[PDB]
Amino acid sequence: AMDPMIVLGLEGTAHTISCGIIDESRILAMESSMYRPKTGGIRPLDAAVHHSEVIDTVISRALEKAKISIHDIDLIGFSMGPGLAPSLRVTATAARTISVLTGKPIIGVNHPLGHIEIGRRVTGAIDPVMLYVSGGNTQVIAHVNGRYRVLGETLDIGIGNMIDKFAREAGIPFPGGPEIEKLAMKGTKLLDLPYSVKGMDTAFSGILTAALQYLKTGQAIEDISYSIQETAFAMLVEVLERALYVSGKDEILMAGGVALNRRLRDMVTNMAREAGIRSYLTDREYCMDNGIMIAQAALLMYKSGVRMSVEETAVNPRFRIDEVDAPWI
């Protein structure tokens, strides 16, 4: 028979370097090494170097996890997808070698694809709409024309950064997100923030500046912090609702560092009841960058016959998700 087909995934687009291992029915292994810049904001050259030194130990601790023999790995999927050049080349290289070292095939995966497919996998969704909310990414994507199509998006700032550049203007350690999350709790009143949805696209610069101007005005912070969430998540809840009843589907998935917000999850599962369609809240841990979500998106590619000899492979920091054919829904 055809033995349970096993893959190993390498994620390394931004700051997270992770390696996963799965097969059709299993999730044999997976751990990451996040580059933690106490500073804050993008730090490309520093990131690659982080990786470069721990990529060694991730892919190797993993094998131990899966407790599978090294011979047992069949495919090798890395994240050639969108991201930071220094990091992508580090991952790309590392893979191009492991493929040789272990003597098996290899394919380049697209990054956000992995977020969909791993989330889709983890929940059992057949053809959902996706809410990509990571660093500088505010994406709402869906499988429509035999490929994953991006419908709406932020025209200025990824929701995640607007969040952090307020914390880093309201004097707060770069653990910005959650610090403002468990801060909007004690928010008493709702101030006014520029609500900008237009089609399925959004803008966030407006929110920020109007929020900073309120800040120096000497307003509350719990109030500002509270208002910004309800105002921006309001903007996503609308766009979502729309994305659904445009490409006509009955399911949702949240992927990203932003997607770990306790109140955002609520405002979504709530829209679920009112839309009449399932709000699969993916495993609270698979929301950040992981190597294994790569393995999952590769598995699917190879299984549908898509293959690529080593030479063809090369990073692409500008990798459109609708550039890859996804013929399996």
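Counting begins at 1, following the sequence as shown.
As the entry records it, the average C-alpha temperature factor is higher for 172 to 180, out of 247 to 255 and 172 to 180. Averaged over Cα atoms, the B-factor as recorded in the entry is higher for 181 to 189 than for the other of 136 to 144 and 181 to 189.
You'll see in the entry that, of 270, 60, 296, 290, the Cα B factor peaks at 270. In the PDB entry, the Cα temperature factor peaks, among 51, 26, 262, 65, at 262. Sort the modelled residues of the chain by CA B factor and residue 2 lands in the highest third.
The PDB entry assigns residue 78 a C-alpha temperature factor belonging to the lowest third of its chain's modelled residues. The deposited CA B-factor of residue 316 belongs to the middle third of values across its chain. Residue 19 sits in the lowest third of its chain by CA B factor, as recorded in the PDB entry. Residue-level temperature factors show residue 304 in the middle third of its chain, judged at the C-alpha atom.
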